[PDB]
Every structure is written in structure tokens, then in C-alpha cells.
Amino acid sequence: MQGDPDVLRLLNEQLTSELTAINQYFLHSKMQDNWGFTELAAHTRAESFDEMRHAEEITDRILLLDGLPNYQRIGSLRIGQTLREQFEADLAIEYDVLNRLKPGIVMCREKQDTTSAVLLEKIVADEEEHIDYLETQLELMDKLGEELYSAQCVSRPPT
Amino acid sequence: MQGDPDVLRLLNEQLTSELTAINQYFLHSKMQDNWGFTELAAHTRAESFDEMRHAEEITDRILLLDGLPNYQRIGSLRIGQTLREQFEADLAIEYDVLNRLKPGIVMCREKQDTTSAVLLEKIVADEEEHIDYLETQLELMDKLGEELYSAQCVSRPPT
Amino acid sequence: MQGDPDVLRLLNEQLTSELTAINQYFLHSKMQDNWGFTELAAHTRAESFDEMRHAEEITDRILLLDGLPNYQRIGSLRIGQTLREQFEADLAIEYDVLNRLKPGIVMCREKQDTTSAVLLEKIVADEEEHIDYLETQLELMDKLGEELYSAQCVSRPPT
Amino acid sequence: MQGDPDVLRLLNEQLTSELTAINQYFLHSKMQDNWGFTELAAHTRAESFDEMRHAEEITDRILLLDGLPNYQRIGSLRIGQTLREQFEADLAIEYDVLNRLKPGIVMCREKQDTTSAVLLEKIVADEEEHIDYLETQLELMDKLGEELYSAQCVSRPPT
Amino acid sequence: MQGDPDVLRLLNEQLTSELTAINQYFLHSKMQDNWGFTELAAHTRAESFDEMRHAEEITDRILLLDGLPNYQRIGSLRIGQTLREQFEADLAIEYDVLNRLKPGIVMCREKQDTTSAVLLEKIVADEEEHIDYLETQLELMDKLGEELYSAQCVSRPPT
Amino acid sequence: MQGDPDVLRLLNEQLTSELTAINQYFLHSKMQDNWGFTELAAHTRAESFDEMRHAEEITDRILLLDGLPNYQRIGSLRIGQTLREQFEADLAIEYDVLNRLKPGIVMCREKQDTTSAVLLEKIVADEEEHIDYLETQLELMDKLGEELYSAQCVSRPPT
Amino acid sequence: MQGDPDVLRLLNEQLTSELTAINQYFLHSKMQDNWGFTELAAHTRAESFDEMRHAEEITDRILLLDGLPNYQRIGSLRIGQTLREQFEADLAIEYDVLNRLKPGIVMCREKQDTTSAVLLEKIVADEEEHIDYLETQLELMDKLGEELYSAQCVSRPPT
Ligand code: HEM
Ligand code: HEM
Ligand code: HEM
Ligand code: HEM
Ligand SMILES: [Fe+3]
Ligand SMILES: [Fe+3]
Ligand SMILES: [Fe+3]
Ligand SMILES: [Fe+3]
Ligand SMILES: [Fe+3]
Ligand SMILES: [Fe+3]
Ligand SMILES: [Fe+3]
Ligand SMILES: [Fe+3]
Ligand SMILES: [Fe+3]
Ligand SMILES: [Fe+3]
Ligand SMILES: [Fe+3]
Ligand SMILES: [Fe+3]
Ligand SMILES: [Fe+3]
Ligand SMILES: [Fe+3]
């Protein structure tokens, strides 16, 4: 069996939006960790692993279609240097992915690959939550005030 | 606190060698996973998770010093279509790590960042041990026969 | 067996940087306790005991080398009278120790005492963490604002 | 057996400093409860019961001496209408008791009643802790700022 | 709250006698630990941990009063090369504590800090009991013989 | 992957040593057991067994470094004929080991063989500890006396 | 009680192929584990220890006969460079041992050391068990083929 070249591209293009996100997210939590937002550190680490889940899932698909999953390339990481920054820098990829995955899902249905369509419908819903979350952190950051908010991300005492 | 910019240079350099290997190693496994080489893929898979472990390990040391860890660059991946070829390409990476890290270790103690020295030293031991293993696979392929050796990386029944 | 007189001095000099730190740290936590930063109190107590670990370890070494461990002298304690103060007053010793232990480690290797070198390499890494921590508390104190931060060190309700 | 009339008075006078404190403390916690400082509510309730312990203990003594414990009278309750107020209103009795119990303890030794002296030495130490605490809450209230501090006395969410 | 500056004088004075003994006692143990006198070193070791316990105990009382506890001074240590000599030197310290503390106890009640009196009283009881023990070692050395007595502080086989 | 032939020489040189201890010690222990010093025997036995530990771990590096583990060589055995004697025989070895190994360590280090160093850095520490032990016996042998000490190496009752 | 030097000559001499066995078998199993014949390796190794127990039962009785165990005389090792020799080698010592013991059991029963008789009988039974094994290994090697036998000696996957 072989997979359709325009899917293969859309997959291997999500594969990278994954590889890309894995690093930022990971590194972002490790930084959250070093500044001392350990509570929050842990959760950014959580989302990070979630993306390695997605990559491994996309990878699984490509090989089934008999394509060559691309681990070699990467996206351009926005790397926030404050909490706020980082959330933005993250929403950054998240939306992109959505922007990339909407028409690609229908592209799939046209191409008649129901399995890869559902792979991507799921990533969408997953990511939408990541988004609603990230952007909520913001909604809340202004309601509370960076400062105050930030102590909601440390242990007692910190680290 | 603030580390020595060359040492950091060396550390953020290893962190690349590392992500290279994670990606490379992972892909080979999922690759052997495909060909039905399931027992083996679990092993290869495990090696990747170590290289992940290493990566965060270097990442930690970086932030403690102060440096900005590079989760943005990736070395050039070598992927072998066959098992034997796959073995070569990973030796390929490790032997490089030994080269990078030997002189590197000596310099670290020299510049008096002993802790970052001990770190790399450990790495070396693992890295050697991964090599011993991989070269030993290459002989068992010879001694046993590429086919017969291959019959030993599938389960019962296969995949 | 006998130990080399320049090591013996470096050991017995770290022995005191230990005895010294044991008191400040201890007293510092007991004060953190009395003001009411009990969460934090507990952790300063933690680091304190860690140093009595180091002293007892240095002491173990000296006797092996057949030297006379010096419990009689002490260092000059910087005793902070606010949280912030204290962290500084602590980083105070921590760096010193590092400053004292870098060339002493190589001194050891020259002298060819691998065991006492490793004793001190470990203290270094330990202390570097204490440092990264202490100085992080600072990084965070300014990001959060003494006040806010400080309630991150009490129980609910306080004491 | 009969007890010495000047002790009896000192006992039955502490008996009331007890009955008095039981109400304020209790009522004070119940108010802390209704405003919503439940964490803190619970602890004021704690000290309250501690005083009913003391009353019952004083009472035990008087009957042994064959006196008539006086449950009929009461002291004048300072009833705080803010957290701060209350702490003051409490330290209010606490010091009094100390002020009353120092010379009374020696009065006892003169009178040669070692048992009732020790009853009161204990109350002293108990109360000194209550004091150091209360007054610490203050020390901390200014360091933190009423507001901030106060949320250190609620549950998540409040009540 | 604020204690009586002379009493505090007395307390911060005991806290010195204490750190002296901790350091002295600990070192003797690790000292008997070396000579192979292992069973005995555990005992001596334990005595040190009590003196630590005492120290924090005095430290606590200090802060409650208000005084600044002296973790900066240390008395003059006497270290015996032999077991018997080692015994003398620790009697040396305790008998001093009895001298310091007797008159001290009387003054405390006098000045009407009964609680700090009770404290020292306790200390005395322990301090006497440590003395009883140490003098009794000195006789068993006599009765039994310094060698034979020494055979009773090693395990089986020795260290 | 091959290892530096000088190192492999030093590695092999420790190997024949360790094999000499495995044999020296083991016999001693048994002799000790046949003497009635069963308590002592056990201990010595645990030292020969741990000797064997190093032998294997040295064999490990050797094989990995691709040289040839020497199991034909075997230094000269001096087999003690008094308890005291055996002690002195075995200190003999532990010093030759320390005498060959302290210099031999830096060679490894300089010749960029980090792991081989750490290997021996550890054998060293053990040797120092076993040396310490053995001289601590002999000091104890003199303080107690031969009859006295020996008796601590018998079970009660003997054998 | 003293021993018959005819036997004491035998016993001590059996100790020799004994100690020589230990060494040969041990190194082999390390070579085998090292080549990747880990399943095979485990068994070889077990024989190594199975041999140390023979050295011990020998070393016990030698001492029981007021004899004098020899731990200096290592017999001439044969060292296989492939599984086929290794078997052959091992099978060599095992046979030598058989031809030296056959008579021995007669010299013993004659000169009247029955106990040593039954010791050496037992050693023999084992020696045959390991010979019956070493030759089946040689057959299965012919019957199945070398590559093929070799593949039942790796785990799955190979080490
Ligand atoms: C780039 C491609 C990567 C892929 C496909 C990948 C995949 C995975 C998978 C499948 C897991 C197991 C899922 C789980 O345990 O929940 C995992 C865990 C983990 N990942 Fe990754 N990962 C990647 C990169 C990274 C990076 C860049 C880091 C760190 C910077 C990292 C660090 C870790 C660690 C430390 C674990 C758990 C360790 C363990 O349980 O053994 N990985 N990853
Ligand atoms: C100055 C040299 C000192 C040394 C070498 C030393 C050593 C030790 C050691 C080895 C331990 C056990 C480790 C553990 O339990 O985790 C310990 C525990 C402890 N230390 Fe110290 N210490 C010293 C001074 C002090 C001081 C100044 C204080 C208080 C002001 C103190 C208070 C304590 C207490 C209360 C414990 C635990 C009590 C127990 O478990 O019995 N020590 N110390
Ligand atoms: C005025 C003289 C009083 C005395 C001598 C007294 C004595 C005691 C004693 C001995 C206890 C048991 C100790 C324990 O459970 O820990 C207790 C518990 C308690 N007290 Fe009082 N008390 C007094 C007044 C009050 C007042 C004014 C209140 C409330 C406004 C109160 C409410 C309670 C409650 C609700 C309990 C626990 C309920 C239970 O476990 O049955 N008491 N008291
Ligand atoms: C040369 C005379 C030796 C004697 C008499 C001896 C004695 C023994 C015996 C009786 C056992 C356990 C037997 C069993 O469980 O079946 C043992 C365990 C062991 N043998 Fe030996 N042994 C000798 C030499 C060696 C050598 C040459 C090596 C490797 C080079 C070695 C490595 C070990 C190890 C590593 C263990 C237990 C694992 C550990 O504690 O690390 N031994 N020894
Ligand atoms: Fe994703
Ligand atoms: Fe996400
Ligand atoms: Fe690596
Ligand atoms: Fe690796
Ligand atoms: Fe330290
Ligand atoms: Fe520290
Ligand atoms: Fe009361
Ligand atoms: Fe109270
Ligand atoms: Fe004391
Ligand atoms: Fe004491
Ligand atoms: Fe050794
Ligand atoms: Fe040793
Ligand atoms: Fe055998
Ligand atoms: Fe045998």
C-alpha cells in the first residue's frame, strides 16, 4: 500500500509542527523550572510530552502509507523570556497548526483517507484546548496582574 | 552565577549532538518496528529515551550556569534502510560524541568547571557502552548471518 | 598511611566553611521560623543538615589521612535580618567555598589524591545547586515583590 | 486537707482569666469563621479549647485544696472587629495573665505549695507561646500587609 | 514581648557551652570510631545529638524572648588522644555546665522568668546524668583494666 | 574502538594484582576460620569477594577497550601465619596497588581515557578504606594486646 | 590430627586444575557475554562459580588434614578465540582432571582417607556432568551448524 503525496506532505508538515513544539514546550518548562515556577513548570512539561505523543502518532501513520517521515527539519522556535512571553510564543505555534490543519482535513476527505483525517481532527481538538488554556492564562494574567498570578505557579516555599 | 562561555559553548554543543541522536535513534526504531523487527525496536527505542535523558541533563547544567540552551539546531541525520546500515549510522554519531567530548572533558577541568566535567565523563561511559553494543551487533550479523541475526529481532509470531 | 599537608589544609579549611555554614543556616531557618516563614523555615533547616553531612564527610577523610580535623575554629557568619538579607548572607559563603574549591581540586590531582578530589567535586556540585537556588529566590523576589513572595513561605494559616 | 487562702485567690483569679479568655477566643474564631478566615478560624478555635483545658485544670486544683472554684465571675472581653484588632485584643489578656502569674508563682513557693506553683509555671510557658505567636502574626502582618496576609487565612476557594 | 537582658545573657551563654560540647563530643566519637572503638562511638555520638537538641532548645527560648542567639562563638575544646583522656575532657565540660547553671537557675526564678528556669533545670538533670555515666566509665576502666575495658567498646569483629 | 596500549597495560597490571588479592585474602579468611576466628574470617572473606568485583569490572573495561584480560599472571602470595602477620601482608598489597594506581590514574586522564580513570579512582578509595581498616586493627592490636584482640574475633563460644 | 602427604599431594594438586578452571571458565564467559552470546555466557559463568566451590571443599579438607593449600600455582590456561575452541579447551581441563582423579580415589581408599575419597568422587561426578555437556555442545554444533547453534546463545534481541 502507498499513501497520497499531498497527504504525505500535510502529515510530514504536521510532523515538524510537532518536532518544533516539542522543543519550545520542553525548554519553556525547564526555564519556568529554573526561574522557579515549578508548579507551572510541571504542566508545560506535560504539554511537551503530549506533542511527542502526536509526533510519534503522525510518524506511525506515514510509515503505514509507506512514506518517509521527516525528523530532519524543524520550525522556528519563539522562545519567551517571561511567563507572558512564553504563553504568547506558544499560542504562536498552536494557531498556526490550526490554520494549517483545517483545509488539510478536508483535503484528506477529498483524497479519501479517512484514517489520516481523523488523526488530524483529534490533534485539532487537542490543540484547541491547549489554546483555550494558554489564552486563558492570559485572560487571567490581566485580571490578576502578572505578579500576583505568578506566585500561583510556585510551591510553598518556592522550588 | 555565570559559567565560562567556552564551556557553555561546549555544553550547548553536546545538546545538539543529542537531539540529533534522539531523533535519529527514535526513527530507526519506529523503522525497525515497521520491518517487523519488534524486539529490536524496543531496544533501539530505549536508547533514544536515554539520549533524551542526557539532553535535559545538559539543559539543566546550562541554565544553572546561565546559558541559553539551543533547542533550535539539529545535526545531519543518517538513516539506514537496513538493520546493518542502521547500526552504522548510530555508531556514526556516538564515535563523534567521543571525539567532541574527550578534549572537551579535559578543557572543563582545566577551566575549573569540574562539575560539567564529571557530567560529560558519565556521558562518555554510556556513549562507549552504546558503541560496544552496536559494534557487537555488527559481528553477530557476521558470525550468525544477516538473515539469522535478523530472525532474532522479531517476536513470535512476528509483529 | 598519611595525607599530604596541603590537602590536609584544604580539607580542614573546607571543614570550617562547613562548621561556619551549619550555624548561619541553622540559625537562619530558626529565625525564618520565628518570623513565621515556616514553609521556608523547614527548607533552610534542610540545607543546614546537609552541611553537617559535609563536615562529617570531610572529617571522615582527614582521620583517614591521619590528620587532626579542626572543629575549634569558625568562620565569620553573615546573619541576615530579613529574608532577602539572609539569602545574600548565604550566597556569601556559598561562592566563597566555590572560589576556594576550584584550584584546590586540581591541587589534589597534582598531589595525586583522587579520593579527596572527588569528595570536593561533589561538594562543589552540591553547593552550586544551593547557589542556583538561593540566587533564584532572588531572581524571583524582584519578579514577585518581597511582600508577595514572602507569603509563599507561610502555612495556611501562618505557623 | 485545706489550701492556703492567698493561693486559693490566685488560682480562682486565674480561673477567671481562663473563663474570660475562653469566650473571646471562641467568639473570635467563630467571627474569623463568618468573615471567612476559616484556616485561621480553626486555630483560634484551637487556642480556645486549650483555655478550657486550663480552667478545668485550675478547677481540679481548687477542689483538692477544698476551696470553691468561681465560675460565676468573668473578665472584661476585648472583642476585636478586625483580624488585627482581635490579635491585639487577645495579647491583651495574655500579657495580663503573665503579669498576674510571675509573683504569684513565688507567692506559692513561699506558701510552700509546689504543686500549684507548677500548675502555674506551665500556664505561663503555654501562654508565652500564645503570645509569641499572636505578636508574630503582627510582626508578619506589617511585613506582608494586612490584605496579603489575610488571604493566608482562607481556603481555596474561601469557606 | 521581651525577656530580661541578664537572663538572656545567661541563655546565650549556655548556647555557647553547648556548641562547644556538640563539636567536642562529635569529634571524640569519630575519634573512637577511628581507633575501632565502634560500639562506644555510637554512644558518644548520641550524646552529641542531645547537645544539639539542647542548643536549638535554648535557641528557641531566646527568640521567644527576643534576643539574638550567638552561633558565632565557641569555647575551648579539650580532646583526649586516649579513651580515658577523652572521658576526662567531657566531664570537664559538663561540670562546668553544672557550675554555670546552678546559680543561673536560682537567678532566673528570682527575676521571674520561671520558664527559662524550668528549661535549665531539665538540662541539669541530663547534664548530671551524663556525668554519672562518664565517672562510671572511669571506674570500670580502673576495676576492669584499661585494656579489658577497651575490649568492650569494639564490636565483633572490630570496626 | 581500541584502547591506549599503555592503559591496557596498566589495567592488566591492576588485574593481576586484584587476582593476587582474591587469592591471598581468601586463603587468609579460611585460615582464620580454621583457627577459630570465625568472626574475623567472615569479614576477610567479604574483602576477597569484593576483590573479585574489581577483577570483573577490570576485565570489563579491558574487553570493551579490546585488549586481552590476563588470567595467567598472578603475583607472589605471602600467606600470613599469625593474625597480625596477615594484616601486614595484606596492607602490603593495598599499598602496591595504591603505589601503581595513583600515578597510573593521571596517565589515563591525560591520554584522554576518562572512564578508565574513574574505574580506578574507585578501586583506590576501596583500597584506602581497606588499608585504614587494617592499620586500625593493628593499632587496636597494640592498644588491646594480641590475646585481647584475637578473642574479639572468635564467636562465643568459639566456632 | 595430621594428613597423609600422598593425599595432601593429590588434594592440593586437584586445587590446581581447580583454580585453573575457575580462571579459564571465568574469562571465557566474559568473552562470550562480550561477543554477544549472553545466554550461553550465563551458563559458562555458573560453571566458573561451580568450580570455586570445588576449590573451597578442597581448601577446607586440606586444612582439616593440617595440610597447606597452594594458591600460588596457576596451571596452564587454554584460551578459546571462538566458541568451538572454548568448548574444546574447557573440555581439556575437565578431562585432565578425570585422569588425575581416577587413580587418586584409589590411592586415598588404600592409604585410608575415605573422607577425601568421597570428596573427590563427588568432584568427578560433576566433572562428567560438565563433559557430557561440553560434547553435546560440540554435537548440536555439528548437527545444527555453527551459525545456527550460535543463534541459540544470543538473547532476543541480541544483548
Ligand atoms: C523530537 C522528537 C521526540 C519524540 C518523537 C519523542 C517521543 C517521546 C515518547 C513517545 C515518550 C514516551 C511518552 C510518555 O512517556 O508519556 C517520550 C518521553 C520523554 N521525552 Fe521525548 N521525544 C522527542 C524529543 C524529546 C526532547 C527534545 C526531549 C528533552 C529536551 C525529550 C525528553 C523526554 C524525556 C526525559 C521522557 C521520559 C523519560 C522516560 O520515561 O524514559 N524528548 N518522548
Ligand atoms: C558543628 C558541627 C556539627 C556536626 C558535625 C553535625 C552533624 C550532624 C549529623 C551527622 C546529623 C545526622 C544527619 C541527619 O540526621 O540527617 C545531625 C543532625 C542534627 N543536628 Fe547537627 N551537627 C553539627 C552542629 C549542629 C548545630 C549547631 C545544631 C543546632 C544549632 C545541630 C542540630 C541538629 C539536630 C537537632 C539534628 C537531628 C536530631 C536527631 O535526629 O537526633 N547540629 N547533625
Ligand atoms: C466556661 C467554662 C468552660 C469549660 C470549663 C469548658 C471545658 C471544656 C472541656 C474540658 C472540653 C473537652 C476538651 C477537648 O475536647 O479537647 C471542651 C470542649 C468543647 N467546648 Fe467547652 N468549656 C467551657 C466553655 C465553653 C464555651 C463558652 C463554648 C462555646 C462558646 C464551649 C464549646 C465547646 C465545644 C463545642 C467542645 C467540643 C464538643 C464536644 O467534643 O462534645 N465551651 N470544653
Ligand atoms: C580463586 C579462587 C576463588 C574462590 C575459592 C572463590 C570462592 C567463591 C565462591 C564459593 C562463590 C559462590 C559459589 C556459588 O554461589 O556457587 C563465589 C562467588 C563469586 N565469585 Fe569467587 N572465588 C574465587 C575466585 C574468583 C575469581 C577469579 C573471580 C573472577 C575473576 C570471582 C568472582 C566472583 C564473584 C563476583 C562472586 C559473587 C558476586 C559478588 O559478590 O560480586 N571469584 N566465590
Ligand atoms: Fe500537537
Ligand atoms: Fe498542544
Ligand atoms: Fe548521548
Ligand atoms: Fe546513546
Ligand atoms: Fe557544604
Ligand atoms: Fe549548601
Ligand atoms: Fe490559659
Ligand atoms: Fe493561650
Ligand atoms: Fe548540655
Ligand atoms: Fe550532654
Ligand atoms: Fe583491590
Ligand atoms: Fe581491597
Ligand atoms: Fe565444572
Ligand atoms: Fe572441577
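Sequential numbering from 1, following the chain as shown.
Using the three backbone atoms N, Cα and C, a Cβ is placed for every residue, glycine included.
Among the candidates D:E88, D:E110, D:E121, D:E127, the one that Swiss-Prot lists alongside D:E18, D:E51, D:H54 as binding Fe cation 1 is D:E127.
Fe cation 2 binding, as stated in Swiss-Prot, involves D:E51, D:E127, D:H130; the candidate among D:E94, D:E146, D:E147 given for that site is D:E94. Sorted by the number of other CB atoms within 10 A, the binding-site residues D:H54, D:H130 start with D:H130, the lowest. Across the domain 'Ferritin-like diiron' (D:1-145), DSSP classifies residues as 118 helix, 0 strand, 27 coil. Contact annotation for binding-site residues (D:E18, D:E51, D:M52, D:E94, D:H130) versus ligand 2: none, no CB falling under 6 Å from a ligand atom.
Not one of the binding-site residues listed as D:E18, D:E51, D:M52, D:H54, D:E127, D:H130 brings a Cβ under 6 Å of any atom of ligand 18. Less than 8 angstroms from the CB of D:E18 (Fe cation 1 binding site) sit D:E51, D:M52, D:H54, D:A55, D:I58, each of them six or more residues away in the same chain. Compute the center of the Cβ atoms of D:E18, D:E51, D:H54, D:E127, which mark the site for Fe cation 1; besides them, the chain residues with Cβ within 8 Å of that center are D:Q14, D:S17, D:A21, D:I22, D:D50, D:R53, D:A55, D:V97, D:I123, D:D126. Sequence-distant contacts of D:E94 (Fe cation 2 binding site), defined by Cβ-Cβ distance under 8 angstroms and a gap of at least six in the same chain, are D:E127, D:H130, D:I131, D:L134.
Summarising the environment of D:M52 (heme b binding site), the number of other Cβ atoms within 10 Å of its Cβ, over all protein chains shown, is 15.
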